[PDB]
Amino acid sequence: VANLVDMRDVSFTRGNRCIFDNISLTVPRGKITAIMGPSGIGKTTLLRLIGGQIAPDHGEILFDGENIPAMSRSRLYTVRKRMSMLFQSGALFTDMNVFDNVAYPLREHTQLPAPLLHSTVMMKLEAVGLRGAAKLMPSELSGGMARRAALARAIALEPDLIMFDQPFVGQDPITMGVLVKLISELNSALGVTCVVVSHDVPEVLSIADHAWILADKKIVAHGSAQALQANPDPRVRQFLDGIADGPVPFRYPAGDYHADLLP
Amino acid sequence: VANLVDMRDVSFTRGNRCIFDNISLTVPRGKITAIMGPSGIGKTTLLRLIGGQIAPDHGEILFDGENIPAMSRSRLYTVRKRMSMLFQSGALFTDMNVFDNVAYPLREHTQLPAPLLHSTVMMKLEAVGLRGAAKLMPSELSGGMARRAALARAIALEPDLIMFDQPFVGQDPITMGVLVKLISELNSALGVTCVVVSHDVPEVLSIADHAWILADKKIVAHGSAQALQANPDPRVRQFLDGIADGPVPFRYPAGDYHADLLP
Amino acid sequence: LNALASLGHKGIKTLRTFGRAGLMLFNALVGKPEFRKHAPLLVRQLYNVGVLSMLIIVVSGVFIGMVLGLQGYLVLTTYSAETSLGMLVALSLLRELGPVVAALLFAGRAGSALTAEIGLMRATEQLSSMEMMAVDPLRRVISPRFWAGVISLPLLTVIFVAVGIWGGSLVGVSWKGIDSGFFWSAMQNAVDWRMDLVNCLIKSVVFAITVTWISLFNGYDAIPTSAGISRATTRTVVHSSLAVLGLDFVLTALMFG
Amino acid sequence: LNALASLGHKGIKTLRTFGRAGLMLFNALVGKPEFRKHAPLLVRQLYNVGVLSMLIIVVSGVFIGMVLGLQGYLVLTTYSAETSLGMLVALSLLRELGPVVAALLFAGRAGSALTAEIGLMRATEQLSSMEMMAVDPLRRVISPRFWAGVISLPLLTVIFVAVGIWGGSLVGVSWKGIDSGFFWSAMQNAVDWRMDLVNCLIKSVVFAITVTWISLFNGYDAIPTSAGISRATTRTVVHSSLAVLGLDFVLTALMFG
Amino acid sequence: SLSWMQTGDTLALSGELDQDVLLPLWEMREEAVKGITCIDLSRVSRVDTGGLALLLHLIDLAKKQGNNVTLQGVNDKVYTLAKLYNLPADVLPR
Amino acid sequence: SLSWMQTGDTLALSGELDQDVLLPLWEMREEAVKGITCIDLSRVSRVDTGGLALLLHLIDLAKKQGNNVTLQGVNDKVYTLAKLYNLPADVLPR
Ligand SMILES: Nc1ncnc2c1ncn2[C@@H]1O[C@H](COP(=O)(O)OP(=O)(O)OP(=O)(O)O)[C@@H](O)[C@H]1O
Ligand SMILES: Nc1ncnc2c1ncn2[C@@H]1O[C@H](COP(=O)(O)OP(=O)(O)OP(=O)(O)O)[C@@H](O)[C@H]1O
């Protein structure tokens, strides 16, 4: 089965909020899947849950037929060589230069000859268009170049699934235009699946193939690109087209205008 | 003259960078002007410079015929009753509730009767659609409701110019759809000018009337809405349409592929 | 020399911060001595720096008196003088450890956490928006905090010496078998008022002027990003801790010279 | 009672943090005793916590010895015994103030700034990305820091007592007119090795186990936003400062009971 | 200036309406209203938010002793602020 | 496995090319190249980035003692990575 990731029926709740009731999603091979919801409820939550940081309270999660929160400590360490992530701020070790950061996990997971290791990480900086920033400390990176360097750090051990923890936020359309161009090649070339999880409708629709809109705790109205462009449901019309007031309220629940301004 | 704000020829440089050489902009009355850019090269810089936080090294800035970095301490305090700002994170005093925050500068700049003051700030929370969040501390505000509360705090002393220090970043299209609806009324009603300064092309063009694209230190290619939609200059085609590589480089300046990967 | 020019940048840089510390504080306490606004505004600040700092002083104050009453009990018995314990821990607390240790812990709790509230208030631009409100914050947000220190720490010392000397009266008198009427008796004619009792305040009130000023200055020129602010907090604790001992050695020279 | 249920949340909550402190530290020091990687990795951490903490100890160490030599000089002259100064500041430093004050300043500089580096490293998710690198950080980033403490502070105390006792030998001998050969002479037969000299280390090495553990735990469960991390720093200084005096009163009972 | 007159059954108002001129007219709240039935909006040049709220208070306590006050002469700036703060019918009818 | 053969003037290669099988073939870098002129790409099933770089090193030091090495038999996965890392002509010609 080409379905790389499949969680059956996950039931979360930290303890007071009850996020994620009856969620379900399939991620097949060769795809660029896309998850989009309100804003600030799933993003770092689901991605550490799908990675094996946070254990669920219900359901089963597949990665080519293996349950994720049932493996050993050592065995789930071994499957981490397959999948990798890319955080919203970019996770770079500050007490290094940008060469050693992108060349870090090669020294932690394989044995390589020193002139060979130096060369094969140098070309991969060209693969993100960041060869010239070769020996800079991760402070003078101006944000835009910071995400691309962690992206080259992400493709290290030939990963087959790369989680994109909101690559698109707070950036310039030239910088958003760069990141859609790079992420288009990395699924076409190398056959890498990527789970982009964000909320940026006119950019994520130019690359997705099977979106999943997580409006409420449910997974309501998921589908392909042009199918969700015509679904007249009031939730998905309000979200994708940016309607000012639909089922999501404009105002807040309050009292009447008779005792609040007339004391 | 209806030109509220006009800086003649401002020459900045903190000391090592030389930002803002030969900048010039006019802001007339009744307008919704809009300033763009590349990615962090003016935003908090120009707005504190236009407010009288940072003094220039050259030029003259007008607010109905008065030079801004030449007033007294007391006189420039008095003109602060006219203009106000709205920060990118939302500036709320944390050790209060949201009622006292929006009702703050009324207690600092005018004498009002206590039941009258309580009522007139209560209705203004309805003016931003935030009456129900009446006595909350500014921690449980979920970001989206945080900017709107500072916006109601912004319209306090009947301001005639409200500086918008990037209202649109990192938010949901429903939340972006709310903020374009509110800011449309506040120029139509009340005749308030507002200087929106951001980089979000498919949202700022739906409201602007005379944009000013600050690509480099110069103010190159400024104009109206549809005029800048057809200007075929390579800078403004790359920025507004999000071209991946134009005059702005794709890669970084580096050496040849002969000694970097062949040691 | 090429390396002596790197010191030439510092010798100018490190003196301009002293210029900023005077210039900020001088603007903080000049003009408009208003009392209608500040009197409820200041008393909320004493809940911040006085009440929350009260518990750590007393629970540490009983441990200093119990240690000095224990350790001092061996040194008197080898010199065979029981009655000297009352004129020892009263002596040692009221002139040496009272002003020095209480100011250390005050730099610990109230010294650091005050600097955090200042730099955070510039980090979210609550400071930079208050200038758009045309209210000068240095008389508005700094001077309620600055007077909240120098009023507090003398009242933090007199609670420290008292609960310190009470715990000293436990382990010597009750547990280590000394008559109660004999212990206070040597302490009665032990210390005078003119060069001992007010002298404890003189050492303590001059510490509060430094620690409150050195704390609230580091919040005012810290780098507003999240990295520079926690750097400034651990720069505040290390700089007050030299200034309390850099002053006390001077202030013990005048009183006992 | 309605208010007694608010304590029922706390009595469970405040004990689970103790469960997290043991469970984090137990995972930090078990399995793979590798030394090829850590030996250059650890020596960079001693530049962080040992070398930068060295200057504050010695410049404060001269001020304690100069004060005790000054203040002690009045108490001996009223009892007319000059020679006792050498067996006083040697006595007082090596068993009371040596372990207690040096551990306070170590909690000041190195205690706080270590906690800042931990919580910041989770705030930018350098911790949460290292799990994607499949390297367990508790043996990788915590145990280089934890051993960097307990090795350091005994070597921070022996530098403190020595430069402390040298400054005490200045103001009494040189300035306040005492023969140099007489001062060390009373100090020679003053203190033994078995219950004094190694006893200074026993008080100091058990402080380093607590302060380093209490610092690096607060970085591991702090709220990763910029507000909660500076809250955790000023929670680290106040919690170590009780634990140094909460231990010292116990550790002065066994040695001198 | 916030000069104002009566007709014996109808409150008149003149001058400008600002948030700095309205405090003496707050002091008249029971001798000001005399069973009023109409409000002129004769010589207003600018209206403010609190001056609207002062206007909103005078009509409201003109209930429960007096009439249901009619409105006239509005310069169509107040109607902009009417639907802006979405004021209901029973506090401001036209 | 990374079994490999020679023809006396042309280096052959067989088995799979991974980043875990390539280190003994790095140990042969001067007895491996013998004035080579061609490289077969005969039985490769997967190519990796470092195995491409090992391939890129063997052609490169086949200069300055030997020939200009011809290329053949590529399974058209390496050509995808060729323009991906935009490799120039003088290090990889076809
Ligand atoms: N144990 C916990 N750990 C982390 N967050 C928690 C926990 N319990 C409750 N929360 C709340 O849930 C939220 C989880 O973080 P969240 O997923 O929002 O991060 P994020 O990257 O901002 O995601 P998004 O961008 O979607 O908001 C936090 O804002 C926090 O207030
Ligand atoms: N004295 C100074 N004060 C503030 N920033 C300074 C100063 N000197 C140099 N800088 C640099 O210039 C920048 C000024 O802030 P900036 O205008 O970038 O904030 P911003 O809101 O991120 O704006 P933008 O979105 O354009 O980046 C800072 O990032 C800082 O690194």
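Note: ideal-geometry Cβ built from the backbone for every residue, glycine included; neighbour counts use all protein chains shown. Any read-out appearing in this document is the output of simple, stated calculations on the displayed coordinates, not a laboratory observation.
Could you give every pair whose Cβ atoms fall below 7 Å, whose first residue belongs to the range B:4-15 and is touching a residue at least 60 places away in the same chain (Cβ under 8 Å), and whose second residue is more than 16 Å from ligand 1 (Cβ to nearest atom) and among the β-branched types (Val, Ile, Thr), counting only separations of at least 6 or pairs across chains?
B:4/B:27; B:4/B:193; B:5/B:27; B:5/B:50
Quick check: anything in the range B:48-62 under 26 Å from residue B:236 (Cβ atoms), of a type in the set (A, V, I, L, M), under 16 Å from the mean Cα position of the chain (by Cα) and buried (at least 19 other Cβ atoms within 10 Å of the Cβ)?
Yes, that holds for at least one residue.
Among the residues of the range A:113-127, which ones are out of contact with any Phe, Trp or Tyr (no Cβ under 9 Å at 6 or more places or on another chain) and more than 9 Å from chain B (Cβ to nearest Cβ)?
To start, the set of residues in the range A:113-127 that are out of contact with any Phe, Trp or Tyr (no Cβ under 9 Å at 6 or more places or on another chain) comprises A:114-115, A:117, A:119-120.
Answer for the range A:113-127, where residues must be out of contact with any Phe, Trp or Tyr (no Cβ under 9 Å at 6 or more places or on another chain) and more than 9 Å from chain B (Cβ to nearest Cβ): A:114, A:117.
How many residues does the range A:141-157 contain that are facing chain B (nearest Cβ under 10 Å) and closer than 22 Å to residue F:56 by Cβ?
Residues that pass the stated criteria total 0.
Taking the range B:158-191 as the search range and keeping residues that are in a helix (DSSP H, G or I) and within 16 Å of ligand 1 (Cβ to nearest atom), which one is nearest to the other protein chains (Cβ to nearest Cβ)?
The first filter runs over the range B:158-191 and keeps only residues in a helix (DSSP H, G or I), leaving B:173-188.
Still in the list and also within 16 Å of ligand 1 (Cβ to nearest atom): B:173-176.
Numbers: B:173: 4, B:174: 6, B:175: 7, B:176: 6 Å.
Selected residue: B:173.
Name the residue that is surrounded by the fewest Cβ atoms within 10 Å (Cβ to Cβ), counting only residues in the range F:4-34 that are more than 10 Å from chain A (Cβ to nearest Cβ) and part of a helix (DSSP H, G or I).
Step by step, filter the range F:4-34, then rank; the result is F:24.
Considering the range B:85-110 alone, what residues qualify as being more than 9 Å from every other protein chain (Cβ to nearest Cβ), over 19 Å from residue E:51 (Cβ atoms) and not aliphatic (A, V, I, L, M)?
Matches in the range B:85-110: B:97, B:99, B:100, B:101.
Please tell me if residue D:241 is facing chain C (nearest Cβ under 10 Å), crowded, with 19+ Cβ neighbours inside 10 Å and of a type outside the set (D, E, K, R). Explain how you work it out, then say what you get.
Working: facing chain C (nearest Cβ under 10 Å): yes; crowded, with 19+ Cβ neighbours inside 10 Å: yes; of a type outside the set (D, E, K, R): yes.
Spelling it out, residue D:241 is indeed facing chain C (nearest Cβ under 10 Å), crowded, with 19+ Cβ neighbours inside 10 Å and of a type outside the set (D, E, K, R).
Among the residues of the range B:77-91, write down those that are more than 27 Å from residue A:145 (Cβ to Cβ) and under 20 Å from the mean Cα position of the chain (by Cα). Steps first, answer last, please.
Of the residues in the range B:77-91, the ones more than 27 Å from residue A:145 (Cβ to Cβ) are B:77-86, B:90-91.
Those that are more than 27 Å from residue A:145 (Cβ to Cβ) and under 20 Å from the mean Cα position of the chain (by Cα): B:79, B:80, B:81, B:82, B:83, B:84, B:85, B:86, B:90, B:91.
What's the number of the only condition in (1) within 28 Å of residue D:133 (Cβ to Cβ); (2) buried (at least 20 other Cβ atoms within 10 Å of the Cβ); (3) among the hydrophobic types (A, V, I, L, M, F, W, C) that residue A:189 fails to meet?
The single condition residue A:189 does not satisfy is (2).
Filter the range A:16-27 down to the residues that are without any contact (Cβ under 8 Å) to a residue 40 or more places away in the chain and not polar (S, T, N, Q) and list them by number. If you could, list the steps in order and put the result at the bottom.
Residues of the range A:16-27 without any contact (Cβ under 8 Å) to a residue 40 or more places away in the chain: A:16-17, A:26.
Correct list: A:17 only.
Kindly provide the set of residues from the range F:35-60 that are surrounded by fewer than 15 Cβ atoms within 10 Å (Cβ to Cβ) and within 11 Å of chain A (Cβ to nearest Cβ), ordered by number.
F:46
Just to be sure before I move on: is residue A:55 more than 9 Å from every other protein chain (Cβ to nearest Cβ), within 13 Å of ligand 1 (Cβ to nearest atom) and part of a loop (DSSP other than H, G, I, E, B) in the structure I sent? Walk me through how you get there before you give the answer.
Working: more than 9 Å from every other protein chain (Cβ to nearest Cβ): yes; within 13 Å of ligand 1 (Cβ to nearest atom): yes; part of a loop (DSSP other than H, G, I, E, B): yes.
For residue A:55, the condition - more than 9 Å from every other protein chain (Cβ to nearest Cβ), within 13 Å of ligand 1 (Cβ to nearest atom) and part of a loop (DSSP other than H, G, I, E, B) - is met.
If I ask for residues that are out of contact with any helix residue (DSSP H, G or I) (no Cβ under 6 Å at 6 or more places or on another chain) and more than 9 Å from every other protein chain (Cβ to nearest Cβ), which ones from the range C:49-78 would you list?
C:51, C:52, C:54, C:55, C:77, C:78
Restricting the search to the range A:134-157, which residues are assigned to a loop (DSSP other than H, G, I, E, B) and without any contact (Cβ under 8 Å) to a residue 24 or more places away in the chain? Full working, then the answer.
Taking the range A:134-157 as the starting set, the residues that turn out to be assigned to a loop (DSSP other than H, G, I, E, B) are A:134-143, A:155-157.
Once the filter is applied, which keeps residues that are assigned to a loop (DSSP other than H, G, I, E, B) and without any contact (Cβ under 8 Å) to a residue 24 or more places away in the chain, the range A:134-157 yields A:140, A:142.
Kindly provide the set of residues from the range B:29-77 that are without any contact (Cβ under 8 Å) to a residue 24 or more places away in the chain and among the hydroxyl-bearing types (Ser, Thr, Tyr), ordered by number.
B:72, B:74, B:77
If you go through the range A:19-39, how many residues are within 12 Å of ligand 1 (Cβ to nearest atom), of a type in the set (A, V, I, L, M, F, W, C) and either within 15 Å of the chain's Cα centre (by Cα) or surrounded by fewer than 20 Cβ atoms within 10 Å (Cβ to Cβ) (or both)? Spell out the reasoning first.
First, the residues of the range A:19-39 that are within 12 Å of ligand 1 (Cβ to nearest atom): A:19-20, A:35-39.
Add one more test, that the residue is of a type in the set (A, V, I, L, M, F, W, C), and what stays is A:19-20, A:35-36.
Now narrow it down to the ones that are either within 15 Å of the chain's Cα centre (by Cα) or surrounded by fewer than 20 Cβ atoms within 10 Å (Cβ to Cβ) (or both): A:19, A:35-36.
Summing the residues that are within 12 Å of ligand 1 (Cβ to nearest atom), of a type in the set (A, V, I, L, M, F, W, C) and either within 15 Å of the chain's Cα centre (by Cα) or surrounded by fewer than 20 Cβ atoms within 10 Å (Cβ to Cβ) (or both) in the range A:19-39 gives 3.
Rundown of residues vs (1) within 17 Å of residue D:146 (Cα to Cα); (2) within 20 Å of the chain's Cα centre (by Cα); (3) surrounded by fewer than 21 Cβ atoms within 10 Å (Cβ to Cβ), yes/no style:
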{"site": "D:42", "(1), (2), (3)": "yes, yes, yes"}
{"site": "D:46", "(1), (2), (3)": "yes, yes, yes"}
{"site": "D:51", "(1), (2), (3)": "yes, yes, yes"}
{"site": "D:71", "(1), (2), (3)": "no, no, yes"}
{"site": "D:78", "(1), (2), (3)": "no, no, yes"}
{"site": "D:88", "(1), (2), (3)": "no, no, no"}
{"site": "D:116", "(1), (2), (3)": "yes, yes, no"}
{"site": "D:122", "(1), (2), (3)": "no, no, yes"}
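Checking residue A:240 against (1) within 30 Å of residue F:78 (Cα to Cα); (2) in contact with a helix residue (DSSP H, G or I) (Cβ under 6 Å, 6 or more places away or on another chain); (3) surrounded by 15 or more Cβ atoms within 10 Å (Cβ to Cβ): exactly one of these is not met. Which one?
(1)
With respect to residue D:235, determine if the residue is over 15 Å from the mean Cα position of the chain (by Cα), away from chain C (no Cβ under 14 Å), in a helix (DSSP H, G or I) and free of Cβ contacts under 8 Å to residues at least 40 places away in the same chain. Show your work before the answer.
Values: over 15 Å from the mean Cα position of the chain (by Cα): yes; away from chain C (no Cβ under 14 Å): no; in a helix (DSSP H, G or I): yes; free of Cβ contacts under 8 Å to residues at least 40 places away in the same chain: yes.
In short, no.
Of all residues in the range D:173-218 being among the charged types (D, E, K, R) and farther than 22 Å from residue D:252 by Cβ, which is surrounded by the most Cβ atoms within 10 Å (Cβ to Cβ)? Outline the logic, then answer.
Restricting attention to the range D:173-218, the residues satisfying the condition of being among the charged types (D, E, K, R) are D:176, D:179, D:192, D:194, D:196, D:203.
Going one step further and asking which of them are farther than 22 Å from residue D:252 by Cβ, we end up with D:176, D:179.
Numbers: D:176: 14, D:179: 10.
For the range D:173-218, the residue satisfying everything is D:176.
Output the residues belonging to the range F:62-94 that are among the hydroxyl-bearing types (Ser, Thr, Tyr), exposed (fewer than 14 other Cβ atoms within 10 Å of the Cβ) and within 14 Å of chain A (Cβ to nearest Cβ). Give the steps one after another, and end with the answer.
Start the filter on the range F:62-94 by keeping residues that are among the hydroxyl-bearing types (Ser, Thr, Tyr), which leaves F:70, F:79-80, F:85.
From what's left, exposed (fewer than 14 other Cβ atoms within 10 Å of the Cβ): F:70, F:79.
Within the range F:62-94, F:79 is the sole residue that qualifies.
Testing residue B:130 on (1) more than 7 Å from every other protein chain (Cβ to nearest Cβ); (2) assigned to a loop (DSSP other than H, G, I, E, B); (3) farther than 29 Å from residue B:27 by Cα, one condition comes back false. Which one is that?
(1)
Could you look through the range C:238-252, keep only residues that are under 15 Å from the mean Cα position of the chain (by Cα) and among the hydroxyl-bearing types (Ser, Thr, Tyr), and pick out the one that is nearest to residue D:66 (Cα to Cα)? Give the steps one after another, and end with the answer.
Of all residues in the range C:238-252, those under 15 Å from the mean Cα position of the chain (by Cα) come to C:238-248, C:251.
Checking the rest, the ones that are also among the hydroxyl-bearing types (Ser, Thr, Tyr) come to C:240-241.
Values: C:240: 19, C:241: 16 Å.
Only one residue tops the list, namely C:241.
Within the bounds of the range A:40-50, is there any residue that is within 16 Å of ligand 1 (Cβ to nearest atom), of a type in the set (S, T, N, Q), closer than 21 Å to residue A:193 by Cα and assigned to a helix (DSSP H, G or I)?
Restricting attention to the range A:40-50, the residues satisfying the condition of being within 16 Å of ligand 1 (Cβ to nearest atom) are A:40-50.
Those still in the list that are of a type in the set (S, T, N, Q) too: A:44-45.
If we keep only those that are closer than 21 Å to residue A:193 by Cα as well, we get A:44-45.
Adding the requirement that they be assigned to a helix (DSSP H, G or I) leaves A:44-45.
There is at least one residue in the range A:40-50 that is within 16 Å of ligand 1 (Cβ to nearest atom), of a type in the set (S, T, N, Q), closer than 21 Å to residue A:193 by Cα and assigned to a helix (DSSP H, G or I).
Taking the range B:17-52, which residues are touching an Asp or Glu at 6+ places or on another chain (Cβ under 6 Å) and near ligand 2 (Cβ under 8 Å from one of its atoms)?
Residue satisfying the conditions is B:39 alone.
Is it the case that residue B:138 is away from ligand 2 (no atom under 16 Å from the Cβ), more than 8 Å from every other protein chain (Cβ to nearest Cβ) and surrounded by 20 or more Cβ atoms within 10 Å (Cβ to Cβ)?
On the way: away from ligand 2 (no atom under 16 Å from the Cβ): yes; more than 8 Å from every other protein chain (Cβ to nearest Cβ): yes; surrounded by 20 or more Cβ atoms within 10 Å (Cβ to Cβ): yes.
Yes; evaluated as a whole, the condition is true for this residue.
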